[PDB]
Amino acid sequence: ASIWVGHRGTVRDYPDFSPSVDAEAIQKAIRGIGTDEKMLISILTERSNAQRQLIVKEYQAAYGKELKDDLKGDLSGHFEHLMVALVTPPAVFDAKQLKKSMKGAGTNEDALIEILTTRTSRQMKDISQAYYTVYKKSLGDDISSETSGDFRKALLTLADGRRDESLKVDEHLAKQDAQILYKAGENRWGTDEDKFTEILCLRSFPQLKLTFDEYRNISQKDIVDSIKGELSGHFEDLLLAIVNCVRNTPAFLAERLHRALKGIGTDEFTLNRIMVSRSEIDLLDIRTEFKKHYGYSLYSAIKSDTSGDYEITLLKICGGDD
Ligand SMILES: [Ca+2]
Ligand SMILES: [Ca+2]
Ligand SMILES: [Ca+2]
Ligand SMILES: [Ca+2]
Ligand SMILES: [Ca+2]
């Protein structure tokens, strides 16, 4: 079973699923004038991504059309994006999200940071393969052309998916690395950024947790305070994201959802990416952390800043109140 499915998702396989039944219902809802969005919503948000792909294969066969194109020609705005995101294979969606983050004059460093720090090593290998297949350029090369300095080096390190996959924790290595981090930053003039990058990007999460514990004992401070006093810019943000994900990935993503839902305006691109990409992995834990940290559920948060068909689809993905 797939590397894209976790133990705490809000979207699961539908036992009574029938691809020909669903494809026929979707074709009816989008064909002719008017669209039955409640129908598209009731089906697609109640099928896992694996089943949706079966709907996709069954729709191209029977109607000679790609469901993605039917959805895009009929739907609009944020609802359209969210609906198209649901029927995209997970590796392909992250690849498209990575490419979107580096297009035009701007560059969305925050999205780059979010994706490269939360995907496991096996997921990154998949994303790199899909990116290469769909864009015919390596992910490393595009990352390289849109970034510079230490941030660039750390992103390229992450894009390779070589973070240690072992399940072992070595007390001895943790103490040694804590000492190297201290010498690389606090203990010298300047900083050996390469060392920060090498340890924080290649040791396993459980190993790093131990390392941060040892770091605190040696330095009398948290690794976060050293990163803040030693580094700056996007490189600093990247390293803090790694530390936050090492301690609690769902809380980091909950914070990202929180920031996308308030302020100057709603960040629908981030909301869509997190809701869809974590729906079959850990959205349930994201919901728990969101409520623990903010005092209100993700569900009520979505209800207060979104509306219409877009709001219903996100509430259905959310799967419940906390
Ligand atoms: Ca129509
Ligand atoms: Ca760009
Ligand atoms: Ca220093
Ligand atoms: Ca330096
Ligand atoms: Ca700083």
# chains A, B, ... in the order shown; residues from 1 in each chain; ligands from 1
>>> residues_around(residues="range 54-60 of chain A", least_positions_apart="6", cutoff="10 Å", atoms="only C-alpha atoms", output="list in words")
residues 17, 18, 19, 20, 21, 22, 23, 24, 26, 27, 44, 47, 66, 67, 68, 87 and 88 of chain A
>>> write_last_selection(atoms="N, CA and C atoms", output="CSV table (one decimal), in the first residue's frame")
chain,number,residue,atom,x,y,z
A,17,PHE,N,-18.1,1.9,-3.6
A,17,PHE,CA,-17.6,2.6,-4.8
A,17,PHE,C,-17.8,1.7,-6.1
A,18,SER,N,-18.3,2.4,-7.1
A,18,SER,CA,-18.5,1.8,-8.4
A,18,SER,C,-18.1,2.9,-9.4
A,19,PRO,N,-16.9,2.7,-10.1
A,19,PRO,CA,-16.4,3.7,-11.0
A,19,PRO,C,-17.4,4.0,-12.2
A,20,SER,N,-18.0,3.0,-12.8
A,20,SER,CA,-18.9,3.3,-13.9
A,20,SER,C,-20.1,4.1,-13.4
A,21,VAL,N,-20.6,3.9,-12.2
A,21,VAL,CA,-21.8,4.6,-11.6
A,21,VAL,C,-21.3,6.0,-11.4
A,22,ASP,N,-20.2,6.2,-10.8
A,22,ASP,CA,-19.7,7.6,-10.5
A,22,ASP,C,-19.4,8.4,-11.8
A,23,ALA,N,-18.7,7.7,-12.8
A,23,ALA,CA,-18.4,8.5,-14.0
A,23,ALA,C,-19.7,8.9,-14.8
A,24,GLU,N,-20.7,8.0,-14.7
A,24,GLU,CA,-22.0,8.4,-15.4
A,24,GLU,C,-22.6,9.5,-14.6
A,26,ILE,N,-21.1,11.9,-12.9
A,26,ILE,CA,-20.3,13.1,-13.1
A,26,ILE,C,-20.6,13.6,-14.5
A,27,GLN,N,-20.7,12.7,-15.5
A,27,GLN,CA,-21.0,13.2,-16.9
A,27,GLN,C,-22.3,13.8,-17.0
A,44,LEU,N,-16.9,13.3,-5.6
A,44,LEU,CA,-15.5,13.5,-5.5
A,44,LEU,C,-14.9,13.6,-4.1
A,47,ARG,N,-14.7,10.0,-2.2
A,47,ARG,CA,-14.0,9.0,-2.8
A,47,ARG,C,-12.5,9.3,-2.5
A,66,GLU,N,-11.2,13.8,-21.0
A,66,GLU,CA,-10.4,13.7,-19.8
A,66,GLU,C,-11.3,14.5,-18.7
A,67,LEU,N,-11.6,13.9,-17.6
A,67,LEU,CA,-12.5,14.5,-16.6
A,67,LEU,C,-11.9,15.8,-16.2
A,68,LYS,N,-10.6,16.0,-16.1
A,68,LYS,CA,-9.9,17.2,-15.7
A,68,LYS,C,-10.4,18.4,-16.6
A,87,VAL,N,-8.7,15.4,-8.3
A,87,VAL,CA,-8.6,14.4,-9.3
A,87,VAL,C,-7.2,14.2,-9.8
A,88,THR,N,-6.2,14.9,-9.3
A,88,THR,CA,-4.8,14.9,-9.7
A,88,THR,C,-4.0,13.9,-8.9
>>> select_by_dssp(residues="range 14-117 of chain A", states="helix (DSSP H, G or I)", output="PyMOL selection string")
chain A and resi 19-30+37-44+49-63+67-74+77-86+90-100+109-117
>>> closest_atom_pairs(of="chain A", to="ligand 2", cutoff="12 Å", atoms="only C-alpha atoms and all ligand atoms", output="Markdown table")
| residue | atom | partner | partner_atom_place_in_ligand_line | distance |
| --- | --- | --- | --- | --- |
| A:98 | CA | ligand 2 | 1 (Ca) | 10.8 |
| A:99 | CA | ligand 2 | 1 (Ca) | 8.8 |
| A:100 | CA | ligand 2 | 1 (Ca) | 8.4 |
| A:101 | CA | ligand 2 | 1 (Ca) | 7.3 |
| A:102 | CA | ligand 2 | 1 (Ca) | 4.0 |
| A:103 | CA | ligand 2 | 1 (Ca) | 3.8 |
| A:104 | CA | ligand 2 | 1 (Ca) | 4.3 |
| A:105 | CA | ligand 2 | 1 (Ca) | 4.9 |
| A:106 | CA | ligand 2 | 1 (Ca) | 5.1 |
| A:107 | CA | ligand 2 | 1 (Ca) | 4.8 |
| A:108 | CA | ligand 2 | 1 (Ca) | 8.2 |
| A:109 | CA | ligand 2 | 1 (Ca) | 10.2 |
| A:112 | CA | ligand 2 | 1 (Ca) | 11.8 |
| A:142 | CA | ligand 2 | 1 (Ca) | 9.0 |
| A:143 | CA | ligand 2 | 1 (Ca) | 9.4 |
| A:144 | CA | ligand 2 | 1 (Ca) | 10.8 |
| A:145 | CA | ligand 2 | 1 (Ca) | 8.3 |
| A:146 | CA | ligand 2 | 1 (Ca) | 5.8 |
| A:147 | CA | ligand 2 | 1 (Ca) | 9.1 |
>>> residues_around(residues="residue 292 in chain A", least_positions_apart="3", cutoff="12 Å", atoms="only C-alpha atoms", output="PyMOL selection string")
chain A and resi 250-251+254-255+285-289+295-298+322
>>> write_last_selection(atoms="N, CA, C and O atoms", output="compact mmCIF listing (two decimals), in the first residue's frame")
# COMPACT_ATOMS: atom_id res chain seq x y z
N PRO A 250 2.06 18.15 11.84
CA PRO A 250 0.68 18.60 11.83
C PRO A 250 0.49 19.98 12.46
O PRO A 250 -0.33 20.76 11.98
N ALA A 251 1.23 20.30 13.53
CA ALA A 251 1.09 21.62 14.15
C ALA A 251 1.69 22.66 13.20
O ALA A 251 1.18 23.78 13.12
N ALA A 254 -0.95 23.13 10.62
CA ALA A 254 -2.08 23.79 11.23
C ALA A 254 -1.77 25.29 11.27
O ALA A 254 -2.64 26.12 11.02
N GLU A 255 -0.52 25.64 11.58
CA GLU A 255 -0.12 27.06 11.64
C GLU A 255 -0.20 27.64 10.23
O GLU A 255 -0.60 28.79 10.06
N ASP A 285 -4.87 14.89 12.46
CA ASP A 285 -3.93 15.40 13.46
C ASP A 285 -3.80 16.92 13.27
O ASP A 285 -3.64 17.62 14.27
N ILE A 286 -3.86 17.42 12.06
CA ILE A 286 -3.80 18.85 11.73
C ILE A 286 -5.01 19.48 12.43
O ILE A 286 -4.87 20.49 13.11
N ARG A 287 -6.18 18.86 12.28
CA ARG A 287 -7.35 19.40 12.94
C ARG A 287 -7.16 19.45 14.44
O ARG A 287 -7.56 20.44 15.09
N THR A 288 -6.61 18.40 15.05
CA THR A 288 -6.41 18.39 16.50
C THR A 288 -5.47 19.50 16.98
O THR A 288 -5.74 20.16 17.97
N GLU A 289 -4.37 19.71 16.28
CA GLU A 289 -3.38 20.72 16.63
C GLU A 289 -3.98 22.10 16.43
O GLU A 289 -3.81 22.98 17.24
N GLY A 295 -7.94 27.34 19.77
CA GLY A 295 -9.15 27.40 20.57
C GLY A 295 -10.47 27.32 19.83
O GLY A 295 -11.53 27.50 20.42
N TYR A 296 -10.39 27.06 18.53
CA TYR A 296 -11.57 26.91 17.68
C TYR A 296 -11.20 25.84 16.64
O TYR A 296 -10.01 25.68 16.34
N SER A 297 -12.15 25.08 16.09
CA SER A 297 -11.84 24.05 15.11
C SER A 297 -11.53 24.56 13.72
O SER A 297 -11.86 25.69 13.34
N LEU A 298 -10.87 23.74 12.89
CA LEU A 298 -10.51 24.07 11.53
C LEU A 298 -11.81 24.25 10.73
O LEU A 298 -11.92 25.07 9.84
N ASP A 322 -14.37 19.69 15.56
CA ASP A 322 -13.60 19.24 16.70
C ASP A 322 -13.95 19.95 18.00
O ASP A 322 -14.34 21.13 17.89
>>> residues_near_ligand(ligand="ligand 5", cutoff="7 Å", atoms="only C-alpha atoms and all ligand atoms", output="ChimeraX atom specification")
/A:228-232,236
>>> write_last_selection(atoms="N, CA and C atoms", output="PDB file, in the first residue's frame")
ATOM      1  N   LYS A 228      17.897  31.512  14.853  1.00  0.00           N
ATOM      2  CA  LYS A 228      17.461  32.898  14.774  1.00  0.00           C
ATOM      3  C   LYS A 228      18.645  33.846  15.031  1.00  0.00           C
ATOM      4  N   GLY A 229      19.593  33.468  15.874  1.00  0.00           N
ATOM      5  CA  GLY A 229      20.626  34.471  16.049  1.00  0.00           C
ATOM      6  C   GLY A 229      21.754  34.333  15.042  1.00  0.00           C
ATOM      7  N   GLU A 230      21.844  33.167  14.406  1.00  0.00           N
ATOM      8  CA  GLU A 230      22.918  32.888  13.452  1.00  0.00           C
ATOM      9  C   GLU A 230      22.552  33.137  11.995  1.00  0.00           C
ATOM     10  N   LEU A 231      21.337  32.796  11.609  1.00  0.00           N
ATOM     11  CA  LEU A 231      20.950  32.910  10.215  1.00  0.00           C
ATOM     12  C   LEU A 231      19.869  33.960  10.001  1.00  0.00           C
ATOM     13  N   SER A 232      19.497  34.154   8.740  1.00  0.00           N
ATOM     14  CA  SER A 232      18.484  35.134   8.376  1.00  0.00           C
ATOM     15  C   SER A 232      17.859  34.795   7.029  1.00  0.00           C
ATOM     16  N   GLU A 236      16.950  30.858   6.998  1.00  0.00           N
ATOM     17  CA  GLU A 236      16.526  30.763   8.381  1.00  0.00           C
ATOM     18  C   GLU A 236      15.109  30.177   8.439  1.00  0.00           C
TER      19      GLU A 236
END
>>> residues_near_ligand(ligand="ligand 4", cutoff="10 Å", atoms="only C-alpha atoms and all ligand atoms", output="JSON, numbers by chain")
{"A": [150, 184, 185, 189, 190, 191, 192, 193, 194, 230, 231]}
>>> write_last_selection(atoms="C-alpha atoms", output="tab-separated table (two decimals), in the first residue's frame")
chain	number	residue	atom	x	y	z
A	150	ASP	CA	22.36	28.86	1.27
A	184	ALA	CA	29.20	25.65	13.52
A	185	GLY	CA	27.15	28.53	14.88
A	189	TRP	CA	32.44	34.15	14.40
A	190	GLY	CA	30.02	33.79	11.49
A	191	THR	CA	28.35	30.47	10.77
A	192	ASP	CA	29.13	27.23	8.97
A	193	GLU	CA	25.81	27.20	7.16
A	194	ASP	CA	26.78	24.02	5.22
A	230	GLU	CA	22.92	32.89	13.45
A	231	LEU	CA	20.95	32.91	10.21
>>> residues_near_ligand(ligand="ligand 1", cutoff="9 Å", atoms="only C-alpha atoms and all ligand atoms", output="list in words")
residues 29, 30, 31, 32, 33, 34, 35, 36, 70, 73, 74 and 75 of chain A
>>> closest_residue(among="A:71, A:264, A:208, A:84", to="residue 247 in chain A", atoms="only C-alpha atoms")
A:208
>>> residues_around(residues="residue 299 in chain A", least_positions_apart="6", cutoff="8 Å", atoms="only C-alpha atoms", output="list in words")
residues 315, 318, 320, 321 and 322 of chain A
>>> residues_around(residues="range 160-168 of chain A", least_positions_apart="2", cutoff="10 Å", atoms="only C-alpha atoms", output="list in words")
residues 116, 119, 120, 121, 122, 123, 124, 125, 126, 127, 128, 139, 140, 155, 156, 157, 158, 170, 171, 198, 199, 200, 201, 202, 203, 204, 205, 206 and 207 of chain A
>>> write_last_selection(atoms="N, CA, C and O atoms", output="mmCIF file, in the first residue's frame")
data_model
loop_
_atom_site.group_PDB
_atom_site.id
_atom_site.type_symbol
_atom_site.label_atom_id
_atom_site.label_comp_id
_atom_site.auth_asym_id
_atom_site.auth_seq_id
_atom_site.Cartn_x
_atom_site.Cartn_y
_atom_site.Cartn_z
ATOM 1 N N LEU A 116 8.805 20.917 0.503
ATOM 2 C CA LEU A 116 10.062 20.185 0.666
ATOM 3 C C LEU A 116 10.356 19.765 2.073
ATOM 4 O O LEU A 116 11.101 18.779 2.265
ATOM 5 N N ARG A 119 7.305 16.564 3.032
ATOM 6 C CA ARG A 119 7.226 15.297 2.310
ATOM 7 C C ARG A 119 8.345 14.365 2.741
ATOM 8 O O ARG A 119 9.474 14.826 2.971
ATOM 9 N N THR A 120 8.065 13.076 2.870
ATOM 10 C CA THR A 120 9.070 12.097 3.279
ATOM 11 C C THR A 120 10.029 11.874 2.118
ATOM 12 O O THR A 120 9.837 12.378 0.994
ATOM 13 N N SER A 121 11.099 11.112 2.347
ATOM 14 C CA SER A 121 12.081 10.844 1.309
ATOM 15 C C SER A 121 11.504 10.089 0.124
ATOM 16 O O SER A 121 11.833 10.453 -1.003
ATOM 17 N N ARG A 122 10.688 9.087 0.408
ATOM 18 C CA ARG A 122 10.084 8.308 -0.699
ATOM 19 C C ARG A 122 9.135 9.187 -1.500
ATOM 20 O O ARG A 122 9.059 9.078 -2.727
ATOM 21 N N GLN A 123 8.401 10.092 -0.861
ATOM 22 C CA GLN A 123 7.492 11.012 -1.544
ATOM 23 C C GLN A 123 8.286 11.954 -2.448
ATOM 24 O O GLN A 123 7.855 12.145 -3.586
ATOM 25 N N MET A 124 9.403 12.508 -1.980
ATOM 26 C CA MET A 124 10.224 13.407 -2.772
ATOM 27 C C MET A 124 10.794 12.747 -4.021
ATOM 28 O O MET A 124 10.959 13.406 -5.051
ATOM 29 N N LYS A 125 11.115 11.453 -3.923
ATOM 30 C CA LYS A 125 11.651 10.707 -5.076
ATOM 31 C C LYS A 125 10.516 10.633 -6.124
ATOM 32 O O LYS A 125 10.706 10.809 -7.320
ATOM 33 N N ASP A 126 9.303 10.360 -5.643
ATOM 34 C CA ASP A 126 8.155 10.298 -6.529
ATOM 35 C C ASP A 126 7.898 11.648 -7.200
ATOM 36 O O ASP A 126 7.658 11.735 -8.394
ATOM 37 N N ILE A 127 7.917 12.713 -6.400
ATOM 38 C CA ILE A 127 7.682 14.069 -6.906
ATOM 39 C C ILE A 127 8.749 14.413 -7.941
ATOM 40 O O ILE A 127 8.375 14.926 -8.991
ATOM 41 N N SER A 128 10.026 14.139 -7.644
ATOM 42 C CA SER A 128 11.112 14.446 -8.568
ATOM 43 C C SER A 128 10.888 13.715 -9.890
ATOM 44 O O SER A 128 11.071 14.306 -10.946
ATOM 45 N N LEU A 139 13.691 18.866 -11.134
ATOM 46 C CA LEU A 139 13.210 19.758 -10.086
ATOM 47 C C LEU A 139 14.406 20.588 -9.597
ATOM 48 O O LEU A 139 14.257 21.785 -9.396
ATOM 49 N N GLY A 140 15.558 19.960 -9.433
ATOM 50 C CA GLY A 140 16.784 20.608 -8.980
ATOM 51 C C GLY A 140 17.130 21.800 -9.850
ATOM 52 O O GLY A 140 17.422 22.886 -9.366
ATOM 53 N N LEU A 155 17.626 23.680 -0.359
ATOM 54 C CA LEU A 155 16.451 23.190 -1.090
ATOM 55 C C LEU A 155 16.905 22.066 -2.014
ATOM 56 O O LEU A 155 16.209 21.056 -2.071
ATOM 57 N N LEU A 156 18.033 22.250 -2.697
ATOM 58 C CA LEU A 156 18.517 21.188 -3.580
ATOM 59 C C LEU A 156 18.838 19.947 -2.767
ATOM 60 O O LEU A 156 18.657 18.825 -3.244
ATOM 61 N N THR A 157 19.313 20.100 -1.543
ATOM 62 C CA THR A 157 19.633 18.956 -0.710
ATOM 63 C C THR A 157 18.323 18.224 -0.428
ATOM 64 O O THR A 157 18.257 17.015 -0.558
ATOM 65 N N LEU A 158 17.282 18.963 -0.062
ATOM 66 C CA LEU A 158 15.977 18.396 0.240
ATOM 67 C C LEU A 158 15.315 17.771 -0.986
ATOM 68 O O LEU A 158 14.714 16.710 -0.838
ATOM 69 N N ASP A 170 20.384 7.025 17.485
ATOM 70 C CA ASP A 170 21.708 6.799 18.037
ATOM 71 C C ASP A 170 22.088 7.915 18.999
ATOM 72 O O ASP A 170 22.362 9.038 18.581
ATOM 73 N N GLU A 171 22.098 7.598 20.287
ATOM 74 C CA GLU A 171 22.438 8.576 21.311
ATOM 75 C C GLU A 171 23.795 9.214 21.035
ATOM 76 O O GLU A 171 23.952 10.430 21.145
ATOM 77 N N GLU A 198 23.652 20.291 6.196
ATOM 78 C CA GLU A 198 23.904 18.852 6.228
ATOM 79 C C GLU A 198 23.203 18.108 7.363
ATOM 80 O O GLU A 198 22.537 17.093 7.110
ATOM 81 N N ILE A 199 23.291 18.511 8.617
ATOM 82 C CA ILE A 199 22.637 17.795 9.700
ATOM 83 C C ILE A 199 21.115 17.881 9.681
ATOM 84 O O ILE A 199 20.470 16.842 9.821
ATOM 85 N N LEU A 200 20.573 19.083 9.539
ATOM 86 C CA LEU A 200 19.132 19.315 9.536
ATOM 87 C C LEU A 200 18.403 18.720 8.349
ATOM 88 O O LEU A 200 17.217 18.379 8.445
ATOM 89 N N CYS A 201 19.043 18.546 7.213
ATOM 90 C CA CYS A 201 18.418 17.964 6.046
ATOM 91 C C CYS A 201 18.651 16.466 5.846
ATOM 92 O O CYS A 201 17.906 15.829 5.098
ATOM 93 N N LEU A 202 19.653 15.837 6.441
ATOM 94 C CA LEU A 202 19.969 14.429 6.255
ATOM 95 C C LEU A 202 19.726 13.502 7.423
ATOM 96 O O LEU A 202 19.616 12.293 7.171
ATOM 97 N N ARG A 203 19.644 13.952 8.657
ATOM 98 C CA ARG A 203 19.396 13.023 9.752
ATOM 99 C C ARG A 203 17.887 12.756 9.757
ATOM 100 O O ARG A 203 17.128 13.600 9.276
ATOM 101 N N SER A 204 17.492 11.618 10.302
ATOM 102 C CA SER A 204 16.068 11.287 10.368
ATOM 103 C C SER A 204 15.351 12.174 11.372
ATOM 104 O O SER A 204 15.994 12.736 12.264
ATOM 105 N N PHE A 205 14.028 12.318 11.283
ATOM 106 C CA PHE A 205 13.343 13.160 12.250
ATOM 107 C C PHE A 205 13.566 12.717 13.675
ATOM 108 O O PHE A 205 13.896 13.592 14.485
ATOM 109 N N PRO A 206 13.407 11.448 14.003
ATOM 110 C CA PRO A 206 13.600 10.948 15.357
ATOM 111 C C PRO A 206 15.027 11.201 15.854
ATOM 112 O O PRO A 206 15.219 11.488 17.034
ATOM 113 N N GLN A 207 16.021 11.098 15.004
ATOM 114 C CA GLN A 207 17.426 11.327 15.317
ATOM 115 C C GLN A 207 17.580 12.815 15.694
ATOM 116 O O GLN A 207 18.143 13.164 16.720
#
